[PDB]
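One structure below.
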Amino acid sequence: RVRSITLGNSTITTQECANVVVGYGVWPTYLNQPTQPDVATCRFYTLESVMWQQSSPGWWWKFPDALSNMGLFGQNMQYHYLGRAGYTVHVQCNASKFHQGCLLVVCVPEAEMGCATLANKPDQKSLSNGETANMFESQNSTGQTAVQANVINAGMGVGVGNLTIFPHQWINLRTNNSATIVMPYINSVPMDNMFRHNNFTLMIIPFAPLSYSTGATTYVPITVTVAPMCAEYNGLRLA
Amino acid sequence: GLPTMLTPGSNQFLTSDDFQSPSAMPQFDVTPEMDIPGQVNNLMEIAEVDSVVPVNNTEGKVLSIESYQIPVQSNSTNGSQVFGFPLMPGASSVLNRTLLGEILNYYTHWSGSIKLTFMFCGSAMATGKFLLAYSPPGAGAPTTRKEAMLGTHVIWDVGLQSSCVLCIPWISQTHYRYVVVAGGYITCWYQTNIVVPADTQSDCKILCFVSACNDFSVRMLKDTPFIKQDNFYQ
Amino acid sequence: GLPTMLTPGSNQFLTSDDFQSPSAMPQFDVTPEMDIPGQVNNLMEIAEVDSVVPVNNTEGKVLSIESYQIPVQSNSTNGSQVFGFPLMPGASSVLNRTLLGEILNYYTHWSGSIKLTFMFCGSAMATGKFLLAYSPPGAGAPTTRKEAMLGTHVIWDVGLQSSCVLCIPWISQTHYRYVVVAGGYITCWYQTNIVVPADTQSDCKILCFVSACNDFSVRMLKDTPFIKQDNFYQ
Amino acid sequence: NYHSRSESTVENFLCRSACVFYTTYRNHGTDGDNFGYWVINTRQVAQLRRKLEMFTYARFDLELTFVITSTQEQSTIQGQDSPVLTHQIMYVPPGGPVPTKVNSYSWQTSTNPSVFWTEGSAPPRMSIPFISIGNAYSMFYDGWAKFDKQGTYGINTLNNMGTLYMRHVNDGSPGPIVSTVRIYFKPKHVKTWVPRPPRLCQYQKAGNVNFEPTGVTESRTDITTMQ
Amino acid sequence: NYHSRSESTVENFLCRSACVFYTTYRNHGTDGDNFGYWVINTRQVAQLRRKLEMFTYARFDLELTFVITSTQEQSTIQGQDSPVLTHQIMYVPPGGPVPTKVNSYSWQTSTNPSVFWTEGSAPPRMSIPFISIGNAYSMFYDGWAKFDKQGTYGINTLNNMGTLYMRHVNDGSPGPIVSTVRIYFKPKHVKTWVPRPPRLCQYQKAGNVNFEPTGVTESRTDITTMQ
Numbered sequence: 012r013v014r015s016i017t018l019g020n021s022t023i024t025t026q027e028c029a030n031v032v033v034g035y036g037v038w039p040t041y042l043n052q053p054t055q056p057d058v059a060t061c062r063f064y065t066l067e068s069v070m071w072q073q074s075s076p077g078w079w080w081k082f083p084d085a086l087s088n089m090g091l092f093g094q095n096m097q098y099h100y101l102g103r104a105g106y107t108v109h110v111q112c113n114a115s116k117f118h119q120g121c122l123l124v125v126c127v128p129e130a131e132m133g134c135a136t137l138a139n140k141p142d143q144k145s146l147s148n149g150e151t152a153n154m155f156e157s158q159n160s161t162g163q164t165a166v167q168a169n170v171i172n173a174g175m176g177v178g179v180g181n182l183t184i185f186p187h188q189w190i191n192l193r194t195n196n197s198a199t200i201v202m203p204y205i206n207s208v209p210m211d212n213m214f215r216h217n218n219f220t221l222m223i224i225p226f227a228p229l230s231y232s233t234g235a236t237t238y239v240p241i242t243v244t245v246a247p248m249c250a251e252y253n254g255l256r257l258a
Numbered sequence: 001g002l003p004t005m006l007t008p009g010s011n012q013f014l015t016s017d018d019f020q021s022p023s024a025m026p027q028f029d030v031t032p033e034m035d036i037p038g039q040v041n042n043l044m045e046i047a048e049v050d051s052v053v054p055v056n057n058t059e060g061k062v063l064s065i066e067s068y069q070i071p072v073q074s075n076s077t078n079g080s081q082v083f084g085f086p087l088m089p090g091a092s093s094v095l096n097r098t099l100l101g102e103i104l105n106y107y108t109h110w111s112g113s114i115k116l117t118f119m120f121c122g123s124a125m126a127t128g129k130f131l132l133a134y135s136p137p138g139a140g141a142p143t144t145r146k147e148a149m150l151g152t153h154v155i156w157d158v159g160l161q162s163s164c165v166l167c168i169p170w171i172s173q174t175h176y177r178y179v180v181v186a187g188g189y190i191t192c193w194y195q196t197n198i199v200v201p202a203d204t205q206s207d208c209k210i211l212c213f214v215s216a217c218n219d220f221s222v223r224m225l226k227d228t229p230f231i232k233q234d235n236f237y238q
Numbered sequence: 001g002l003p004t005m006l007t008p009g010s011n012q013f014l015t016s017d018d019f020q021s022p023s024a025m026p027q028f029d030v031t032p033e034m035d036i037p038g039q040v041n042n043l044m045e046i047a048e049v050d051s052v053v054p055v056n057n058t059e060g061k062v063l064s065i066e067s068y069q070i071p072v073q074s075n076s077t078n079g080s081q082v083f084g085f086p087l088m089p090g091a092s093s094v095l096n097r098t099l100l101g102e103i104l105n106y107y108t109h110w111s112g113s114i115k116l117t118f119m120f121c122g123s124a125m126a127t128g129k130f131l132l133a134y135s136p137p138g139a140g141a142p143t144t145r146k147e148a149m150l151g152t153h154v155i156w157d158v159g160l161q162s163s164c165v166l167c168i169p170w171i172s173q174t175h176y177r178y179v180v181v186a187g188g189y190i191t192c193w194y195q196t197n198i199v200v201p202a203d204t205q206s207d208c209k210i211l212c213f214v215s216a217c218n219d220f221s222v223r224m225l226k227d228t229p230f231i232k233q234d235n236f237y238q
Numbered sequence: 055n056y057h058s059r060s061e062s063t064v065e066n067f068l069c070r071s072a073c074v075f076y077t078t079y080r081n082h083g084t085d086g087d088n089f090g091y092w093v094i095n096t097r098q099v100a101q102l103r104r105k106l107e108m109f110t111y112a113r114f115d116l117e118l119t120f121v122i123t124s125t126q127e128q129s130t131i132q133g134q135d136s137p138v139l140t141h142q143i144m145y146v147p148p149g150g151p152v153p154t155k156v157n158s159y160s161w162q163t164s165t166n167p168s169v170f171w172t173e174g175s176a177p178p179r180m181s182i183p184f185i186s187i188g189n190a191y192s193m194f195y196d197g198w199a200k201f202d203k204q205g206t207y208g209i210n211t212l213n214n215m216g217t218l219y220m221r222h223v224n225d226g227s228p229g230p231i232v233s234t235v236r237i238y239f240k241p242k243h244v245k246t247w248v249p250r251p252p253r254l255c256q257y258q259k260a261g262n263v264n265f266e267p268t269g270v271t272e273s274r275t276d277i278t279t280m281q
Numbered sequence: 055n056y057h058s059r060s061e062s063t064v065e066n067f068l069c070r071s072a073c074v075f076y077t078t079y080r081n082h083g084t085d086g087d088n089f090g091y092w093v094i095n096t097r098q099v100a101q102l103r104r105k106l107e108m109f110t111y112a113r114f115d116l117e118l119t120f121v122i123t124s125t126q127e128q129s130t131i132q133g134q135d136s137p138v139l140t141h142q143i144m145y146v147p148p149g150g151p152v153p154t155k156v157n158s159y160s161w162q163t164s165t166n167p168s169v170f171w172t173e174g175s176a177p178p179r180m181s182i183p184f185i186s187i188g189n190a191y192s193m194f195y196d197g198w199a200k201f202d203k204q205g206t207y208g209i210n211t212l213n214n215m216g217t218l219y220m221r222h223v224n225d226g227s228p229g230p231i232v233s234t235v236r237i238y239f240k241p242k243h244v245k246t247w248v249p250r251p252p253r254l255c256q257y258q259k260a261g262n263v264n265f266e267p268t269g270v271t272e273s274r275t276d277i278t279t280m281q
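What follows is the structure, given as structure tokens:
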């Protein structure tokens with residue numbers, strides 16, 4: 012049936028029979052200066068939808084940078100020196116029964132991406148545009164400081180078909196339309212500066228191209244909604 | 001004072017030894033371990049994971065994502081072959097660079113069952129049947145729909161299910177076989197054409213996945229034949 | 001007679017080893033230990049001790065005892081800054097040569113809380129208030145009295161108490177941080197002017213003390229960057 | 055029953071002693087550049103780098119074995135009769151003093167670990183613990199050391215494991231002698247997290263993940279072909 | 055919980071093996087000055103001297119390791135073919151006979167401890183106990199050995215730890231050979247009393263506490279500045 016989920020002043024709609032992929036089998040928790056929690060940040064931040072077309076390569080978001088300007092939790096990234104949060108990423112897909120296509124929705128921890136120019140580093144804008152998705156290309160990328168965003172190598176110098184090693188979900192339009200991934204906090208330190216470290220990125224790569232019957236809508240909206248979980252920060256006490 | 005002998009093999013550096021090494025930084029406290037999610041203790045955990053198989057290995061497609069998409073034609077002769085590759089996870093280029101094949105190429109011997117999943121990426125209203133036929137090693141790939149049906153096969157009905165998991169058994173004369181270059189064959193056949201509400205234009209696709217089963221093992225570690233360096237990178 | 005191997009690392013002199021050394025003077029009786037007062041077993045006992053912080057580090061004052069005296073002006077703008085230094089016990093020259101900083105410079109990593117004591121050395125009839133404000137690392141030093149008050153602060157009232165102990169918390173992303181070159189800031193602000201029986205001429209002073217708390221530790225011993233020799237002194 | 059997965063384990067997979075560096079240093083020289091050095095890195099040998107980068111975070115001890123062999127050179131010096139040669143392998147921990155000359159003050163190694171080895175014995179060995187203020191080495195870092203600088207992408211000071219320095223304690227003879235150190239590297243007590251796909255594209259730089267895009271696999275003639 | 059203070063302890067702080075002296079002695083010479091010597095002192099190396107003088111009284115055993123390496127010199131002698139070189143490191147306890155020549159009667163060492171070491175083996179090692187008629191070594195002495203003499207200020211005979219003597223037992227070859235001893239010092243079982251401020255002004259003389267007055271710290275521009 013229909014499941015209604017409310018966090019804070021945000022409500023989303025989910026199917027009862029929705030499969031949830033929980034990271035590496037780990038549910039986000041706190042680290043049980053005393054760290055300060057912020058439950059007000061536990062909201063649904065629905066990003067702008069991306070139009071999935073017949074010739075559309077994948078997208079990616081880097082979420083510390085993606086939610087950097089999303090009201091609360093963005094003010095908290097700007098405010099607190101140290102921060103920690105797990106995320107519930109819910110990727111919806113609005114399509115009819117006459118639409119085709121398969122999607123790989125994968126969250127990649129520490130997706131250090133290469134540059135189009137070998138003797139160069141990608142700049143901040145190319146790696147993450149924030150709430151705006153960065154798109155892959157079907158061919159090699161050219162640029163002095165641009166990310167090598169060819170789809171086959173997923174920007175990481177690996178095989179895109181091997182991306183399933185990370186917490187992923189398959190959206191087959193004839194079978195599924197949604198993907199819920201619950202990513203815990205993954206890092207080599209208990210807590211890190213959020214403004215300069217993307218702990219993971221979300222890649223939505225269409226492995227089977229979108230197709231549709233004549234007269235059906237050409238594009239299929241893909242909606243990403245992110246709910247930070249167990250977010251806690253530095254804490255300012257004693258003088 | 002206590003007598004001792006030469007014991008041949010002393011004062012030698014055997015590279016594959018397990019002798020204790022003196023600590024250059026004793027009386028130094030390392031930071032305690034942190035509960036990082038994702039503790040992996042064995043490479044088979046990586047090998048147990050489904051990885052998309054590039055079956056569309058035709059020239060000009062290995063540089064695009066179309067190498068992973070098996071094209072299913074809107075109209076074709078019944079009994080035509082949709083695709084076919086040998087069961088050589090560490091040798092055949094179809095399965096070589098998968099997660100399973102990448103793990104296998106780090107070793108010399110392997111044993112176990114290959115798990116193959118075929119997923120139909122067509123429309124929900126599309127219906128049709130496929131022959132997912134398996135040929136045992138030494139038999140040879142079938143040439144017609146009838147030869148595939150007379151052997152080991154499943155009728156994968158697209159309308160009933162959009163996925164088909166096919167577990168390839170372990171058939172060899174030894175406990176382990178060499179990763180390098186028989187193994188068998190997977191061939192798919194058009195049992196029936198794909199049937200749709202007669203208004204569509206583009207064709208459907210099939211995605212393939214490969215995985216290892218719980219009885220999978222690798223014996224002799226070696227250097228992978230994939231990464232190569234002329235000298236030190238710095 | 002008993003067989004023995006080479007065990008690589010033998011016949012070597014590792015400087016940081018703990019092997020027993022033959023006694024050049026055995027069968028010699030050392031004098032018994034005497035109960036000397038002041039047995040110290042750990043350098044933190046030295047680091048736990050308050051030491052006067054030279055905050056008046058202006059040019060020309062480091063060679064005089066005035067470097068330890070924070071001048072409190074008889075008349076100044078309210079909301080002016082009395083003083084300010086960063087929380088770098090092993091890096092900032094204000095805290096570098098203190099007992100705590102001297103201990104810290106012998107090590108590479110450290111962790112713990114800094115204890116700061118500010119003592120008013122003015123007259124018993126003098127009264128006034130100060131803002132002892134603490135800025136967490138990365139925040140930046142406040143520029144006005146209001147910014148200091150909106151953060152972590154205490155109102156140190158001179159009339160009520162002539163001393164103020166301020167415990168600086170441990171805020172870092174790692175268990176230990178490097179002694180060498186964020187840490188935070190201490191800034192004092194004139195909440196109110198110093199009020200006296202209106203007949204005095206010279207100004208008051210503030211003395212600062214630094215100390216380590218019970219949770220203080222240092223990890224990697226090294227050479228202090230302070231003493232230097234060209235060769236042997238004899 | 056089930057076949058044993060013993061040598062497939064991460065410990066057996068990664069704890070393999072491999073040569074990661076070799077350098078030659080002279081016994082006499084014009085300047086003081088008669089010493090060999092190596093910043094301890096895991097990203098200079100492709101095989102080891104690929105094996106370690108199959109995981110995201112690792113935590114291991116460094117076991118190092120040094121295979122030092124000396125060769126007498128050319129001619130024009132007679133009556134060489136050199137005594138036995140002694141070598142010093144000084145390890146500089148992170149943040150420690152770094153020599154610039156063969157006879158620098160850092161070689162007096164007040165706190166830098168140092169092993170003195172005389173030729174003819176078993177090769178010298180030393181073990182470096184897990185040295186990081188962080189809780190694990192990070193083979194991948196999707197972030198900046200300083201967010202202001204673009205060139206700091208992927209660099210964090212938590213992976214610095216120190217530098218090794220090698221030199222001759224004694225010249226032995228007035229004639230030329232060149233020694234090769236041939237460091238052999240072996241992780242111990244390895245714990246790894248967050249497995250990653252194997253590196254497909256060939257490496258370009260040790261301090262980069264940059265890559266020329268490569269095909270996912272090798273091509274074949276037809277989708278139905280068998281050879 | 056509380057972080058471990060293990061390596062901050064006085065034992066870990068002070069029991070660190072450091073080189074405190076090195077000398078070269080010949081195999082042939084005009085006079086008998088073919089020997090090296092070192093009066094055991096803790097006030098000649100600034101780092102160790104500062105570390106010990108952070109306390110007032112100390113009581114420790116001296117562990118000494120000698121790193122002896124020999125070098126053949128120049129030319130004009132052919133067919134050197136020297137056999138292996140043997141060294142004698144004689145320790146002279148306080149009040150013991152002190153050699154003045156390479157072949158003095160004191161080298162026959164009736165009661166002076168002596169270690170004979172052949173080159174190519176592990177470096178020689180010997181340990182000196184706490185040798186003082188007093189109950190502790192005093193790094194500082196606010197008094198006179200003789201109150202009549204002004205120049206005896208700060209000198210007491212209770213800190214004399216003996217003298218080390220090094221020489222060649224055999225010449226080996228008729229050609230020149232020079233050996234360096236490189237003594238490495240390491241206190242053991244250290245007990246310290248009455249902690250003291252670290253030495254701020256640079257040392258001038260080993261047998262003095264004299265100092266040029268120095269500023270308490272480094273200066274900055276303003277009392278309110280941050281960089």
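Protein chains in written order, with the deposited numbering: chain 2, 12 to 43, 52 to 258; chain 3, 1 to 181, 186 to 238; chain 3', 1 to 181, 186 to 238; chain 1, 55 to 281; chain 1', 55 to 281. A prime marks a further copy of an entry chain. Heads up, the beta-carbon is just placed ideally off N, CA and C, and yes, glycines get one too.
Inset, instruction - Determine the DSSP secondary structure at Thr211 (chain 1'), reduced to helix, strand or coil. - result: In the fifth sequence, counting from the first residue as 1, residue 211 (chain 1') sits at position 157. Note: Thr211 (chain 1') maps to helix in three-state DSSP.
Legend entry - N- and C-terminal bounds of the alpha helix (DSSP H) containing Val94 (chain 3): In the second sequence, the residue the question calls residue 94 (chain 3) occupies position 94. For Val94 (chain 3), the uninterrupted alpha helix (DSSP H) run begins and ends at 93-96, by DSSP.
Inset, instruction - Return the first residue and the last residue of the beta strand (DSSP E) that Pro249 (chain 1') is part of. - result: Taking the fifth sequence and counting its residues from 1, one reaches residue 249 (chain 1') at position 195. Taken as a continuous stretch (DSSP letters only), the beta strand (DSSP E) holding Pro249 (chain 1') covers 237-249.
Inset, instruction - List in chain order: all unbroken beta strand (DSSP E) runs of 3+ residues lying wholly within the stretch 90-161 of chain 3. - result: 109-111, 114-120, 129-135, 152-157
Legend entry - Three-state class that DSSP yields for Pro54 (chain 3) in the structure shown: Taking the second sequence and counting its residues from 1, one reaches residue 54 (chain 3) at position 54. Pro54 (chain 3) falls in the coil class under three-state DSSP.
Legend entry - Length at least 3, wholly inside the stretch 166-193 of chain 1': the beta strand (DSSP E) runs in chain order: 168-172, 179-182
Inset, instruction - Within its chain, find whatever has a CB closer than 8 Å to the CB of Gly83 (chain 1); leave out the 5 residues flanking it on each side and keep chain order. - result: The residue given as residue 83 (chain 1) occupies position 29 in the fourth sequence. Answer for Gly83 (chain 1): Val156, listed in chain order.
Inset, instruction - Using the DSSP secondary-structure output, state which residues sit across from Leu116 (chain 1) in a beta bridge. - result: Translated into positions along the fourth sequence, residue 116 (chain 1) becomes position 62. For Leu116 (chain 1), which the question treats as bridged, DSSP gives the partners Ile182 (chain 1), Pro241 (chain 1).
Legend entry - Same chain, Cβ closer than 6 Å to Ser71 (chain 1), five either side skipped, listed in chain order: Here residue 71 (chain 1) refers to the residue found at position 17 when the fourth sequence is read from its first residue. Sequence-distant Cβ neighbours of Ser71 (chain 1) in its own chain, meaning closer than 6 Å and more than five residues away, are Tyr238, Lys240.
Inset, instruction - Could you tell me the distance, in whole angstroms, from the CA atom of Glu147 (chain 3') to the CA atom of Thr278 (chain 1')? - result: Walking along the third sequence from the start, residue 147 (chain 3') turns up at place 147. Walking along the fifth sequence from the start, residue 278 (chain 1') turns up at place 224. Going by the C-alpha atoms only, they are around 15 Å apart.
Inset, instruction - List the residues of chain 1 whose Cβ lies closer than 9 Å to the Cβ of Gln27 (chain 3), in chain order. - result: Within the second sequence, the letter at position 27 stands for residue 27 (chain 3). By Cβ distance, chain 1 contributes nothing, its closest Cβ being about 10 Å from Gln27 (chain 3), past 9 Å.
Legend entry - chain 3 contact for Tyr176 (chain 3') (CB, 9 Å cutoff): Locating residue 176 (chain 3') in the third sequence gives position 176, where the first residue counts as 1. Output row for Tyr176 (chain 3'): interface = yes.
Legend entry - Whole-angstrom distance between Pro151 (chain 1) and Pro76 (chain 2), CA atom to CA atom: The count along the first sequence starts at 1 and reaches residue 76 (chain 2) at position 57. The count along the fourth sequence starts at 1 and reaches residue 151 (chain 1) at position 97. Answer to the nearest angstrom: the Cα atoms are 51 Å apart.
Legend entry - Alpha carbon of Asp234 (chain 3') to alpha carbon of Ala216 (chain 3'), nearest angstrom: Here residue 234 (chain 3') corresponds to residue number 230 of the third sequence, with the count starting at 1. Here residue 216 (chain 3') corresponds to residue number 212 of the third sequence, with the count starting at 1. So the two alpha carbons sit approximately 33 Å from each other.
Inset, instruction - With DSSP collapsed to three states, give me the class of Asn66 (chain 1). - result: Position 12 of the fourth sequence holds residue 66 (chain 1). The answer is helix: DSSP assigns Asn66 (chain 1) an H, G or I state.
Inset, instruction - Give the secondary structure of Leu6 (chain 3') by DSSP, where H, G and I count as helix, E and B as strand, and everything else as coil. - result: Counting from one through the third sequence, the residue named residue 6 (chain 3') turns up at place 6. Of the three classes helix, strand and coil, the one that applies to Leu6 (chain 3') here is coil, per DSSP.
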